[PDB]
């Protein structure tokens, strides 16, 4: 239960894009990864540097309507303006009615709710989205975290057939956050790696009946995550991840999970010719 404070900016980027950043001129798509433990409060001093109204809306976490980020609750931000949004989180526990209050932990995301339409359609399209992870006490922490957003037919708003690729070494505990936005359903698939369809992506134990999958149907505003042990049972290699909707894969919704041997090498990776 720490109270934490950050600045965030929305900015226009080149080529008709928009993004969030931790400093002016440093906006990225996806936006910065926000990580909190259950019980933490985060105050985000948000500045809209753009010429259109913009907002910050978050899935999963606790907020009052004054931090809804909506036209409806008059909690977006005028051009050039500043607003502090507050996100709270809670741990799980038993209610006075005997039921179990689910905690805030999970794989969540934030995004704009007012650019283009009062649902943020244009803001989302242009890049105003990012990942938020809320951890539960005791959760295992990864060696690296990678964010994959399927935004209509693009991955992280990159051009078709441009990745992103992510590197690891065999044995690394690698976390993926997978967010979808826009108009289309997708199926997220990874070669060589599987996860549990539950909160953490890992089965809790032999009593966990969660389904174990390597392919998952997602639609706009869905978020999930998981951890894998890179190359577990499969070894090193260039391991594709892709949408499995066939025309989407063919049109470029593919990237590589590049898993190195501990000697540094990737089996089969031969970028250059050799004489003779």
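Numbering follows the first chain given and starts at 1.
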note = Between 178-186 and 95-103, the record assigns the higher mean Cα B factor to 95-103
note = Averaging the C-alpha temperature factors as deposited, the higher value of 23-31 versus 219-227 falls on 23-31
request  = For the C-alpha B-factor as written in the entry, point me to the maximum among 38, 207, 214, 62.
outcome  = 207
message = How does the C-alpha B factor of residue 18 compare with the rest of the chain: lowest, middle or highest third?
response = lowest
message = Is residue 115 in the lowest, middle or highest third of its chain when residues are ranked by C-alpha B-factor?
response = lowest
request  = Could you say whether, by C-alpha temperature factor, residue 236 belongs to the lowest, middle or highest third of its chain?
outcome  = highest
query = Where does residue 72 sit by CA temperature factor within its chain: lowest, middle or highest third?
reply = middle
ask   = When the modelled residues of the chain are sorted by Cα temperature factor, does residue 251 land in the lowest, middle or highest third?
value = highest
